[PDB]
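Q: Let me give you the structure first, and then I'll get to my questions.
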Amino acid sequence: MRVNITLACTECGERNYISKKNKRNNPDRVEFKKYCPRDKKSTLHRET
Amino acid sequence: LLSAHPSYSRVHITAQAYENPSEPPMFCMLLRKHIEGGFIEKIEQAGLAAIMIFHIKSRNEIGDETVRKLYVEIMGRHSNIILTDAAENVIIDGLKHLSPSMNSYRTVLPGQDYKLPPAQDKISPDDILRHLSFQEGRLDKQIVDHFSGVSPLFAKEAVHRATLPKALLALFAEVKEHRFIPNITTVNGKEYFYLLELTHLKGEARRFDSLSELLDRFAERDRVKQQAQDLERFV
Amino acid sequence: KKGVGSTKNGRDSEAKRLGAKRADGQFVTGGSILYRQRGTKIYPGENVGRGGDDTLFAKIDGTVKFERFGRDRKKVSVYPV
Amino acid sequence: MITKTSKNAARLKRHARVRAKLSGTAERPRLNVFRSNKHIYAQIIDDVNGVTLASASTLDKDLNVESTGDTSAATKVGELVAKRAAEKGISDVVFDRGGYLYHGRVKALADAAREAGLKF
Amino acid sequence: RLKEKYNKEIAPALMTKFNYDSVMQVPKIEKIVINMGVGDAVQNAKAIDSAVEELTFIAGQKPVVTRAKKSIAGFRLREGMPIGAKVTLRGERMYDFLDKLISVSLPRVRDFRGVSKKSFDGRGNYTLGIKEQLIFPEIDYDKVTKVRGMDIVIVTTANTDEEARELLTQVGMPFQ
Amino acid sequence: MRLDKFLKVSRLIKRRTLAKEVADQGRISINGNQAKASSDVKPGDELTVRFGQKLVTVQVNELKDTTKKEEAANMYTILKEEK
Amino acid sequence: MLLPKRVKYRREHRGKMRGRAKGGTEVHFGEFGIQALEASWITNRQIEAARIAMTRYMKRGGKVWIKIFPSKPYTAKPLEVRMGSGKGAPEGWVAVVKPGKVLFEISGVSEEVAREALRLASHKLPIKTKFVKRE
RNA sequence: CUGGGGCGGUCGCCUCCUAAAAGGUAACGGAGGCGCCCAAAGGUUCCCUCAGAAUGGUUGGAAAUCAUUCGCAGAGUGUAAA
RNA sequence: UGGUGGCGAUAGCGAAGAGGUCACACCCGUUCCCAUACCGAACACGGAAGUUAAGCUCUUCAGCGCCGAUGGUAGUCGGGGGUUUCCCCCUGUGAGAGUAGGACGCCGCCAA
RNA sequence: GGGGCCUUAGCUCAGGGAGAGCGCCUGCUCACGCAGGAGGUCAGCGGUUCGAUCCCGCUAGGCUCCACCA
């Protein structure tokens, strides 16, 4: 199913981003890299 | 040829290799799986019931030799062909799967331990004058009630020989000695055939050298006949 | 009297006010849009840019001129003073 | 039967695919390249005016060598055109791999010009 | 071997016969394409791979699995389903397969009475079918899973069927 | 579903008419209780039946209407026979 | 009763019969034809009436070449109905006609026979007509 | 809302026609779609070019996959239409 | 000649011919860079024995496609009229199609 | 006339790659039961899709409900 997601940092712990995904095609806790405006860097973000 | 076709169920060897199909069916392919390139060690009669066994050998998919027991039960309307394991006696294949919804003794389905039908309480081979009261009459019926391999045809033709244990013993010795004569009888049509010749009736007789050729010259023919008659009515 | 209905053809979308918004020889500011469209009835040219909505805007100030990409194909451009 | 396309025409299509993204101006001209089987040519262009400014080649009578077609020749012609565009003190350009790769002789030439002073 | 035979005998014979001005007008063998249509692999994918194995053995080359260009309901195939395999032989491998084909495998065709000189495409390319893969000795009956055939296309730079058949007859191709 | 419908779809009884008839005779029962053709049934039900003297006990696994011939017997299991 | 086999839209606007025809203004398939002097819609029943009329008058005669086809449909709401509630259902099929337009032609037959047949057809048609021949 | 009301049908958004060569423009006027999808179906770099035809032909046939010339485009463009 | 740009195919398609010592291609082999869903075909790498066939240039033509007048007509703003589901008159404008004809190229920069 | 549901074996009727029971034929078995085969436009037309009982639209038939206030 296509479902909303937040994508929190790992250094900062902050959420910072939202998106959506298939639970079927992308079941696992996904992760990307985005800009943390507190860490002021590209940084791996993780789903909750 | 093997046939579990109910009225025409039999076994045969035919010069007429009729027609190998374009479709390999499930049962055929299952036989190919476990019997192809086989080796017919032995044949057995199943204790004179209308049933036969082939003890067969063949190498498995790793070249290790294995064996199996192919069973052919020709009962009439409820004949069947079954394949079974040698030691485990477990059914592996089956032509007419039969669920225990018929509340029957035995069962067909694969995986299950094979079992044979209930063999009736009939002395398969004077003993009739001992057990059966010849006053009963219509004893062509009740020779079935004493012997295993019986037709009412055979019973009638033997009973018409007129106390006749002699006929039974002589004909049993004949069959045991393979002394029979494979012919086809025709009593005004209704073409019948049997190991022994015709005994009394008016029917014509044509004899053969092979029971197999007898069977040859004697599943779908009847269907075509149904279609033909249904059309003929309309015409 | 009788009874009838079921037209099921009774709607349409909201009109989106496409076309040109500035004219040839007209002075233009930076960032002004020129020709709303869908796809490219018209392409950009000099000092002109296309957006995600296939809309055409002036990157600078200047005067507008419409022309042709050779055959059967049009163009705009902004030329300053 | 069979039929065969001119790889030059292919190269022209690839060249145009590139050219759609750029064009040579004054103070940002275009450096175009040609890659004959026996020679290699280079030019520098103001595509606005449709004018070459400087040029270079193995065919140039200066620095005549044996290869005229390897990376050494490419390097030599690159530094030559670089000093040409130095004495016409532009020093800033754009490159045009004309439907070729930035892999071989082209790459060597471009690197030569980078080292000689021209800044892409 | 056959490339040298081409460069040294086939080119003189064709230049003399057709009165060509340039040697570049002489028709060349451009490529050999071997294909198997394995449409019976929609039921079993393991049948696709074993036909792929025979092709690898015959050509000495890993084959490209071909797939359906569009959905075809008569054959039960969806677009993108893999129902064939092919190799494109060029240069040395093509000449070596061509020698193995002319000198070894075509003599092992059952009841070989010659190849059809009709099987040109109207442009100079020659297509033939092989009914049993067993004609190639790199194939063993024990290895064989099913009786596979294949088709073999010889693509040539000839402008007509006359020129193509002359090019093939120059190698001693066995036309009836 | 109803008992008569269930018997027909499971092909225990060949006619809904006959199923009604035998349930109105009360020759059968469910979970040790006498039942009727309109009696409700479900998975996990334990059914007792008679065919003259032939007494039968069976277990319900599933129910449906479309019931193709061989799939009918998946609907239930025989447990036992008596007379 | 001619019919277009297939159509995009079963329901069309009616239109306007202004001006003269584009083409089909002169006989060229046949010899002796008829043309119009007005504008109107014409129906498959009208054209087949005229057709069978001339063919009965001629009884073997040559060739005809109608020059039209009722492509247009026309709707009509059911009876005793208020206005609105959608467009009416189709009823039949129609050919639209401008003046100067040739409708029927004739060849293989003499002038007098042709003129009489076309007269008969005109009386089945609604509009004013003229007898015409090829130049 | 309603060519009286009621019952029916519809109620928001997108595309086309009506629409009158800017734009806009109604009707219980005509045709159709949406209440999503893709973690690659996005970005970038680099690459190349389709649909059909005939024609070749082992399987394989009308119709696979194969090879040839013809082929601005008849194909494709996640989905309706422009 | 080659390279490289500009102008709506008046540039193209198609047919016929001519040339290549330089040049451009075509051509010849993969040891390296790199590469080929398979591939030294292509892309790359190096080479120059032979090839003008083909590509590329130069000539020719009007068969296809392309451009395209004048005049006339439809249509039409405006004005007016009439037996007004339409038609007519006047000033003015004015196509398309069909022709006349044009055209198988114009302009630049660099290198020998 | 409007709205909804349905139209599949001879009858009754279930159900994005044809089923049951009933009735016919057959053997088993007087009279039932039990095992096979037959009979199929998935009402018609058109459309989508590779592919239609199935999804979409129109049409024909049947049934049910409504067809009113003056």
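Labels for the structure tokens follow display order: chains A, B, ..., residues from 1 in each chain, ligands from 1.
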Just the residues within 12 Å of residue 60 in chain H, please, counting only C-alpha atoms (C1' of nucleotides), with nothing from its chain fewer than 4 positions along; format it as a ChimeraX atom specification.
A: /E:36-40,74-75,83-84,149-151 /H:64-66
Q: Show which residues sit within 12 Å of residue 41 in chain A, as a list in words. Count only C-alpha atoms (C1' of nucleotides), and ignore same-chain residues fewer than 5 positions away.
A: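 Selected residues are residues 9, 11, 12, 33, 34, 35 and 36 of chain A.
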Q: Select, as a PyMOL selection string, those residues of chain C with any atom no more than 8 Å from chain I (distances computed using only C-alpha atoms (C1' of nucleotides)).
A: chain C and resi 69-72
Q: Save the residues we just selected, C-alpha atoms, as an mmCIF file, in the first residue's frame?
A:
```cif
data_model
loop_
_atom_site.group_PDB
_atom_site.id
_atom_site.type_symbol
_atom_site.label_atom_id
_atom_site.label_comp_id
_atom_site.auth_asym_id
_atom_site.auth_seq_id
_atom_site.Cartn_x
_atom_site.Cartn_y
_atom_site.Cartn_z
ATOM 1 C CA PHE C 69 11.944 28.622 -36.055
ATOM 2 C CA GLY C 70 12.341 28.413 -39.787
ATOM 3 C CA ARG C 71 9.282 26.466 -40.817
ATOM 4 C CA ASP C 72 5.993 25.787 -38.997
#
```
Q: What is the distance between CA of residue 81 in chain C and CA of residue 44 in chain C, in Å to one decimal?
A: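 Straight-line distance from CA of residue 81 in chain C to CA of residue 44 in chain C works out to 19.2 Å.
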Q: Give me, as a PyMOL selection string, all polymer residues having an atom no more than 10 Å from residue 142 in chain B, counting only C-alpha atoms (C1' of nucleotides) and skipping those fewer than 5 positions away in the same chain.
A: chain B and resi 128+132+136-137+147+150+152+155
Q: Set out as CSV a contact list for chain C and chain G with a cut-off of 8 Å, giving each residue of chain C that qualifies its closest atom pair and distance in Å to one decimal, counting only C-alpha atoms, ordered by chain and rising residue number.
A:
```
residue,atom,partner,partner_atom,distance
C:1,CA,G:80,CA,7.1
C:2,CA,G:81,CA,6.2
C:3,CA,G:81,CA,7.8
C:4,CA,G:85,CA,6.7
C:5,CA,G:85,CA,4.9
C:6,CA,G:85,CA,7.0
C:7,CA,G:86,CA,4.8
```
Q: For the residues selected in the previous step, produce a file with N, CA and C atoms as a PDB file, in the first residue's frame.
A:
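The resulting file, part-v7.pdb, is shown below:
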```pdb
ATOM      1  N   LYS C   1     -48.458  13.182 -18.204  1.00  0.00           N
ATOM      2  CA  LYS C   1     -47.060  13.569 -18.058  1.00  0.00           C
ATOM      3  C   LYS C   1     -46.162  12.345 -17.979  1.00  0.00           C
ATOM      4  N   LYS C   2     -44.913  12.527 -18.382  1.00  0.00           N
ATOM      5  CA  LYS C   2     -43.914  11.477 -18.447  1.00  0.00           C
ATOM      6  C   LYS C   2     -42.770  11.800 -17.493  1.00  0.00           C
ATOM      7  N   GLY C   3     -41.729  10.975 -17.544  1.00  0.00           N
ATOM      8  CA  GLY C   3     -40.588  11.131 -16.668  1.00  0.00           C
ATOM      9  C   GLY C   3     -39.322  10.590 -17.287  1.00  0.00           C
ATOM     10  N   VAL C   4     -38.263  11.392 -17.260  1.00  0.00           N
ATOM     11  CA  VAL C   4     -37.056  11.147 -18.036  1.00  0.00           C
ATOM     12  C   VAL C   4     -35.859  11.703 -17.279  1.00  0.00           C
ATOM     13  N   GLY C   5     -34.664  11.445 -17.803  1.00  0.00           N
ATOM     14  CA  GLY C   5     -33.481  12.071 -17.236  1.00  0.00           C
ATOM     15  C   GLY C   5     -32.198  11.441 -17.713  1.00  0.00           C
ATOM     16  N   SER C   6     -31.197  11.484 -16.837  1.00  0.00           N
ATOM     17  CA  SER C   6     -29.937  10.776 -17.021  1.00  0.00           C
ATOM     18  C   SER C   6     -29.203  11.269 -18.271  1.00  0.00           C
ATOM     19  N   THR C   7     -28.746  12.514 -18.171  1.00  0.00           N
ATOM     20  CA  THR C   7     -27.938  13.104 -19.230  1.00  0.00           C
ATOM     21  C   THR C   7     -26.489  12.648 -19.156  1.00  0.00           C
TER      22      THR C   7
END
```
Q: Any idea what the distance is between CA of residue 43 in chain D and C1' of residue 26 in chain I?
A: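 Separating CA of residue 43 in chain D from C1' of residue 26 in chain I is a distance of 25.9 Å.
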Q: Return the neighbours of chain I among the residues of chain D, cut-off 10 Å, counting only C-alpha atoms (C1' of nucleotides), as a PyMOL selection string.
A: chain D and resi 3-9+32-34+36-38+41-57+59-60+67+69-70+100-101+103-105
Q: Could those selected residues go to a file with C-alpha atoms, as an mmCIF file, in the first residue's frame?
A:
```
data_model
loop_
_atom_site.group_PDB
_atom_site.id
_atom_site.type_symbol
_atom_site.label_atom_id
_atom_site.label_comp_id
_atom_site.auth_asym_id
_atom_site.auth_seq_id
_atom_site.Cartn_x
_atom_site.Cartn_y
_atom_site.Cartn_z
ATOM 1 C CA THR D 3 23.470 -0.911 -45.793
ATOM 2 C CA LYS D 4 25.941 1.181 -43.690
ATOM 3 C CA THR D 5 25.634 4.650 -42.123
ATOM 4 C CA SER D 6 28.351 7.251 -42.208
ATOM 5 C CA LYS D 7 29.833 7.473 -38.752
ATOM 6 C CA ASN D 8 30.536 11.095 -39.620
ATOM 7 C CA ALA D 9 26.799 11.682 -39.901
ATOM 8 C CA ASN D 32 35.592 22.653 -31.627
ATOM 9 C CA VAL D 33 37.472 19.585 -32.719
ATOM 10 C CA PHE D 34 37.748 17.289 -35.710
ATOM 11 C CA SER D 36 40.163 12.601 -39.180
ATOM 12 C CA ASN D 37 41.739 9.167 -39.415
ATOM 13 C CA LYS D 38 45.033 10.820 -40.399
ATOM 14 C CA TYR D 41 42.066 19.761 -36.119
ATOM 15 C CA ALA D 42 40.996 22.331 -33.559
ATOM 16 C CA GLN D 43 39.337 25.718 -33.787
ATOM 17 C CA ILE D 44 38.067 28.416 -31.448
ATOM 18 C CA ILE D 45 34.872 30.181 -32.329
ATOM 19 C CA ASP D 46 32.481 32.984 -31.521
ATOM 20 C CA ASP D 47 29.327 31.149 -32.540
ATOM 21 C CA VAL D 48 27.445 34.447 -32.277
ATOM 22 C CA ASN D 49 29.313 35.992 -35.198
ATOM 23 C CA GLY D 50 30.085 32.654 -36.825
ATOM 24 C CA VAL D 51 33.805 33.359 -36.726
ATOM 25 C CA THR D 52 36.932 31.416 -35.945
ATOM 26 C CA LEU D 53 39.540 33.200 -33.877
ATOM 27 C CA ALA D 54 42.349 30.678 -33.636
ATOM 28 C CA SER D 55 43.102 27.302 -35.094
ATOM 29 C CA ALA D 56 45.562 24.466 -34.950
ATOM 30 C CA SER D 57 46.272 21.132 -36.557
ATOM 31 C CA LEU D 59 48.696 19.870 -40.682
ATOM 32 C CA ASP D 60 50.371 23.035 -39.389
ATOM 33 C CA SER D 67 52.208 10.424 -35.817
ATOM 34 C CA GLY D 69 46.984 11.050 -35.176
ATOM 35 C CA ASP D 70 48.072 9.990 -31.696
ATOM 36 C CA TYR D 100 33.380 12.125 -29.674
ATOM 37 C CA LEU D 101 34.486 10.975 -26.243
ATOM 38 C CA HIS D 103 38.556 9.751 -23.453
ATOM 39 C CA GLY D 104 41.484 9.666 -25.836
ATOM 40 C CA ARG D 105 43.255 12.123 -28.082
#
```
Q: Run DSSP on the backbone and grab whatever in range 15-100 of chain D lands in helix (DSSP H, G or I); send it over as a list in words.
A: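 Checking each residue of range 15-100 of chain D, the helix (DSSP H, G or I) ones are residues 15, 16, 17, 18, 19, 71, 72, 73, 74, 75, 76, 77, 78, 79, 80, 81, 82, 83, 84, 85, 86 and 87 of chain D.
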Q: Store the residues picked out above, limited to C-alpha atoms, as a compact mmCIF listing (two decimals), in the first residue's frame.
A:
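And here's result18.txt as it stands now:
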```
# COMPACT_ATOMS: atom_id res chain seq x y z
CA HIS D 15 27.62 16.94 -32.07
CA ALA D 16 24.24 18.59 -32.41
CA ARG D 17 23.01 16.90 -29.26
CA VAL D 18 25.90 18.61 -27.54
CA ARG D 19 25.51 21.93 -29.36
CA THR D 71 47.79 11.54 -28.27
CA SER D 72 51.23 13.11 -28.54
CA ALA D 73 50.12 15.07 -31.58
CA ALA D 74 46.91 15.94 -29.76
CA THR D 75 48.89 17.34 -26.85
CA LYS D 76 51.17 19.35 -29.11
CA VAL D 77 48.32 20.92 -31.02
CA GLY D 78 46.53 21.65 -27.76
CA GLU D 79 49.41 23.66 -26.38
CA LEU D 80 49.76 25.40 -29.74
CA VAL D 81 46.17 26.57 -29.82
CA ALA D 82 46.52 27.51 -26.17
CA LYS D 83 49.34 29.93 -26.87
CA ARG D 84 47.35 31.24 -29.84
CA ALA D 85 44.45 32.08 -27.55
CA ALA D 86 47.00 33.46 -25.10
CA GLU D 87 48.43 35.97 -27.55
```
Q: Please find the residues of chain B near chain J - the criterion being any atom within 8 Å, counting only C-alpha atoms (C1' of nucleotides) - and write them as an mmCIF file with N, CA and C atoms, in the first residue's frame.
A:
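Saved result, result_20.cif, follows:
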```
data_model
loop_
_atom_site.group_PDB
_atom_site.id
_atom_site.type_symbol
_atom_site.label_atom_id
_atom_site.label_comp_id
_atom_site.auth_asym_id
_atom_site.auth_seq_id
_atom_site.Cartn_x
_atom_site.Cartn_y
_atom_site.Cartn_z
ATOM 1 N N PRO B 6 -14.882 -48.453 -18.281
ATOM 2 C CA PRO B 6 -15.630 -49.366 -17.400
ATOM 3 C C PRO B 6 -16.163 -50.632 -18.046
ATOM 4 N N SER B 7 -16.887 -50.494 -19.155
ATOM 5 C CA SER B 7 -17.402 -51.673 -19.839
ATOM 6 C C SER B 7 -16.306 -52.350 -20.648
ATOM 7 N N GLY B 76 -15.109 -53.672 -13.449
ATOM 8 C CA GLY B 76 -16.301 -53.423 -14.227
ATOM 9 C C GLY B 76 -16.553 -51.940 -14.322
ATOM 10 N N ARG B 77 -17.644 -51.466 -13.709
ATOM 11 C CA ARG B 77 -17.991 -50.017 -13.754
ATOM 12 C C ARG B 77 -16.994 -49.207 -12.920
ATOM 13 N N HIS B 78 -16.345 -49.832 -11.935
ATOM 14 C CA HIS B 78 -15.428 -49.134 -11.040
ATOM 15 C C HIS B 78 -14.045 -49.761 -11.092
ATOM 16 N N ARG B 223 -19.329 -43.323 -27.869
ATOM 17 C CA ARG B 223 -19.659 -41.908 -27.961
ATOM 18 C C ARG B 223 -20.063 -41.546 -29.377
ATOM 19 N N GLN B 226 -23.462 -42.753 -29.991
ATOM 20 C CA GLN B 226 -24.453 -41.852 -29.422
ATOM 21 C C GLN B 226 -24.698 -40.667 -30.332
ATOM 22 N N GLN B 227 -23.624 -40.046 -30.808
ATOM 23 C CA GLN B 227 -23.753 -38.901 -31.699
ATOM 24 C C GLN B 227 -24.480 -39.293 -32.974
#
```
Q: What are the residues of chain E that have an atom within 6 Å of an atom of chain D, counting only C-alpha atoms, as a list in words?
A: residues 123, 124, 157, 158 and 159 of chain E
Q: Using 10 Å as the limit and counting only C-alpha atoms (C1' of nucleotides), can you tabulate each residue of chain H that touches chain A, with its shortest atom-to-atom distance in Å and the two atoms involved, as CSV?
A:
```
residue,atom,partner,partner_atom,distance
H:36,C1',A:2,CA,9.9
H:37,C1',A:2,CA,9.1
H:38,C1',A:21,CA,9.3
H:39,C1',A:21,CA,7.4
```
Q: Could you tell me which residues of chain H sit within 7 Å of chain E when counting only C-alpha atoms (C1' of nucleotides), and give me the result as a list in words?
A: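 Result, ordered by chain then number: residues 55, 56, 57, 58, 59, 63, 64, 65, 66, 67 and 68 of chain H.
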Q: Would you mind exporting the chosen residues as a PDB file, in the first residue's frame, restricted to N, CA and C atoms (P, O5', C5', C4', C3', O3' and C1' of nucleotides)?
A:
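The result, written out as selection_23.pdb:
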```
ATOM      1  P     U H  55       6.110 -11.424 -49.868  1.00  0.00           P
ATOM      2  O5'   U H  55       7.309 -10.640 -50.581  1.00  0.00           O
ATOM      3  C5'   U H  55       8.517 -11.216 -51.007  1.00  0.00           C
ATOM      4  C4'   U H  55       9.588 -11.253 -49.912  1.00  0.00           C
ATOM      5  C3'   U H  55       9.597 -12.565 -49.167  1.00  0.00           C
ATOM      6  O3'   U H  55      10.016 -13.577 -50.048  1.00  0.00           O
ATOM      7  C1'   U H  55      10.298 -10.728 -47.821  1.00  0.00           C
ATOM      8  P     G H  56       9.674 -15.099 -49.731  1.00  0.00           P
ATOM      9  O5'   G H  56      10.687 -15.303 -48.520  1.00  0.00           O
ATOM     10  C5'   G H  56      12.039 -15.354 -48.859  1.00  0.00           C
ATOM     11  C4'   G H  56      12.956 -15.425 -47.676  1.00  0.00           C
ATOM     12  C3'   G H  56      12.830 -16.702 -46.878  1.00  0.00           C
ATOM     13  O3'   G H  56      13.249 -17.838 -47.610  1.00  0.00           O
ATOM     14  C1'   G H  56      13.259 -14.828 -45.511  1.00  0.00           C
ATOM     15  P     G H  57      12.173 -18.796 -48.315  1.00  0.00           P
ATOM     16  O5'   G H  57      12.526 -20.256 -47.742  1.00  0.00           O
ATOM     17  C5'   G H  57      12.092 -20.677 -46.470  1.00  0.00           C
ATOM     18  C4'   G H  57      12.646 -19.804 -45.330  1.00  0.00           C
ATOM     19  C3'   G H  57      12.718 -20.647 -44.083  1.00  0.00           C
ATOM     20  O3'   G H  57      13.860 -21.459 -44.230  1.00  0.00           O
ATOM     21  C1'   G H  57      11.902 -18.454 -43.578  1.00  0.00           C
ATOM     22  P     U H  58      14.449 -22.279 -42.999  1.00  0.00           P
ATOM     23  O5'   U H  58      13.069 -22.752 -42.336  1.00  0.00           O
ATOM     24  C5'   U H  58      12.971 -23.067 -40.972  1.00  0.00           C
ATOM     25  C4'   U H  58      12.353 -24.465 -40.886  1.00  0.00           C
ATOM     26  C3'   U H  58      11.087 -24.496 -40.013  1.00  0.00           C
ATOM     27  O3'   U H  58      10.115 -25.372 -40.562  1.00  0.00           O
ATOM     28  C1'   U H  58      12.749 -25.978 -39.238  1.00  0.00           C
ATOM     29  P     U H  59       8.555 -25.216 -40.209  1.00  0.00           P
ATOM     30  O5'   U H  59       8.329 -25.911 -38.784  1.00  0.00           O
ATOM     31  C5'   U H  59       7.868 -25.162 -37.691  1.00  0.00           C
ATOM     32  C4'   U H  59       7.835 -25.999 -36.417  1.00  0.00           C
ATOM     33  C3'   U H  59       7.110 -25.180 -35.363  1.00  0.00           C
ATOM     34  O3'   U H  59       6.063 -25.866 -34.731  1.00  0.00           O
ATOM     35  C1'   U H  59       9.303 -25.693 -34.651  1.00  0.00           C
ATOM     36  P     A H  63       1.643 -15.775 -39.934  1.00  0.00           P
ATOM     37  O5'   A H  63       1.590 -15.069 -38.497  1.00  0.00           O
ATOM     38  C5'   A H  63       1.481 -13.672 -38.331  1.00  0.00           C
ATOM     39  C4'   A H  63       1.217 -13.337 -36.856  1.00  0.00           C
ATOM     40  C3'   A H  63       2.230 -13.971 -35.901  1.00  0.00           C
ATOM     41  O3'   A H  63       3.165 -13.015 -35.437  1.00  0.00           O
ATOM     42  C1'   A H  63      -0.055 -14.418 -35.216  1.00  0.00           C
ATOM     43  P     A H  64       4.668 -13.067 -35.949  1.00  0.00           P
ATOM     44  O5'   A H  64       5.095 -14.485 -35.341  1.00  0.00           O
ATOM     45  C5'   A H  64       6.226 -14.629 -34.523  1.00  0.00           C
ATOM     46  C4'   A H  64       6.025 -14.154 -33.071  1.00  0.00           C
ATOM     47  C3'   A H  64       7.405 -13.856 -32.470  1.00  0.00           C
ATOM     48  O3'   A H  64       7.302 -12.953 -31.379  1.00  0.00           O
ATOM     49  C1'   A H  64       6.460 -15.723 -31.436  1.00  0.00           C
ATOM     50  P     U H  65       8.549 -12.033 -30.962  1.00  0.00           P
ATOM     51  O5'   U H  65       9.454 -13.113 -30.215  1.00  0.00           O
ATOM     52  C5'   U H  65      10.631 -12.768 -29.513  1.00  0.00           C
ATOM     53  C4'   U H  65      11.841 -13.461 -30.141  1.00  0.00           C
ATOM     54  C3'   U H  65      12.414 -12.649 -31.289  1.00  0.00           C
ATOM     55  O3'   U H  65      13.302 -11.621 -30.899  1.00  0.00           O
ATOM     56  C1'   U H  65      12.219 -14.949 -31.899  1.00  0.00           C
ATOM     57  P     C H  66      14.018 -10.746 -32.028  1.00  0.00           P
ATOM     58  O5'   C H  66      15.212 -11.661 -32.585  1.00  0.00           O
ATOM     59  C5'   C H  66      15.804 -11.380 -33.832  1.00  0.00           C
ATOM     60  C4'   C H  66      16.149 -12.666 -34.593  1.00  0.00           C
ATOM     61  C3'   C H  66      16.228 -12.455 -36.102  1.00  0.00           C
ATOM     62  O3'   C H  66      17.483 -12.175 -36.645  1.00  0.00           O
ATOM     63  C1'   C H  66      14.824 -14.290 -35.646  1.00  0.00           C
ATOM     64  P     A H  67      18.099 -10.711 -36.557  1.00  0.00           P
ATOM     65  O5'   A H  67      19.467 -10.982 -37.336  1.00  0.00           O
ATOM     66  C5'   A H  67      19.852 -10.228 -38.441  1.00  0.00           C
ATOM     67  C4'   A H  67      19.121 -10.576 -39.742  1.00  0.00           C
ATOM     68  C3'   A H  67      18.612  -9.276 -40.297  1.00  0.00           C
ATOM     69  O3'   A H  67      19.742  -8.617 -40.814  1.00  0.00           O
ATOM     70  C1'   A H  67      17.239 -11.183 -40.865  1.00  0.00           C
ATOM     71  P     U H  68      19.754  -7.041 -41.015  1.00  0.00           P
ATOM     72  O5'   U H  68      18.980  -6.965 -42.407  1.00  0.00           O
ATOM     73  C5'   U H  68      19.667  -7.147 -43.613  1.00  0.00           C
ATOM     74  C4'   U H  68      18.681  -7.054 -44.765  1.00  0.00           C
ATOM     75  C3'   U H  68      17.834  -5.775 -44.732  1.00  0.00           C
ATOM     76  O3'   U H  68      18.440  -4.497 -44.828  1.00  0.00           O
ATOM     77  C1'   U H  68      16.569  -7.618 -45.386  1.00  0.00           C
TER      78        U H  68
END
```
Q: Using only C-alpha atoms (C1' of nucleotides), which protein or nucleic acid residues come within 8 Å of range 14-19 of chain A? Drop anything in the same chain fewer than 6 positions from it, and give the result as a PDB file with N, CA, C and O atoms, in the first residue's frame.
A:
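For reference, selection-v4.pdb as written:
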```pdb
ATOM      1  N   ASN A   4       2.222   7.319   3.791  1.00  0.00           N
ATOM      2  CA  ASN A   4       3.085   8.410   4.215  1.00  0.00           C
ATOM      3  C   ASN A   4       4.220   7.920   5.100  1.00  0.00           C
ATOM      4  O   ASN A   4       4.151   6.863   5.724  1.00  0.00           O
ATOM      5  N   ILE A   5       5.263   8.743   5.175  1.00  0.00           N
ATOM      6  CA  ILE A   5       6.456   8.435   5.948  1.00  0.00           C
ATOM      7  C   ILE A   5       7.131   9.738   6.321  1.00  0.00           C
ATOM      8  O   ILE A   5       7.099  10.708   5.562  1.00  0.00           O
ATOM      9  N   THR A   6       7.767   9.745   7.487  1.00  0.00           N
ATOM     10  CA  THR A   6       8.728  10.763   7.877  1.00  0.00           C
ATOM     11  C   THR A   6      10.119  10.175   7.740  1.00  0.00           C
ATOM     12  O   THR A   6      10.282   8.954   7.755  1.00  0.00           O
ATOM     13  N   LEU A   7      11.116  11.042   7.604  1.00  0.00           N
ATOM     14  CA  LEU A   7      12.490  10.616   7.352  1.00  0.00           C
ATOM     15  C   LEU A   7      13.452  11.356   8.256  1.00  0.00           C
ATOM     16  O   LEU A   7      14.074  12.335   7.846  1.00  0.00           O
ATOM     17  N   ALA A   8      13.650  10.825   9.446  1.00  0.00           N
ATOM     18  CA  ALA A   8      14.406  11.533  10.448  1.00  0.00           C
ATOM     19  C   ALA A   8      15.894  11.309  10.301  1.00  0.00           C
ATOM     20  O   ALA A   8      16.354  10.268   9.832  1.00  0.00           O
ATOM     21  N   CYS A  36      20.238  18.228   6.579  1.00  0.00           N
ATOM     22  CA  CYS A  36      19.802  18.603   7.915  1.00  0.00           C
ATOM     23  C   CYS A  36      20.090  20.076   8.159  1.00  0.00           C
ATOM     24  O   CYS A  36      21.259  20.454   8.297  1.00  0.00           O
TER      25      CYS A  36
END
```
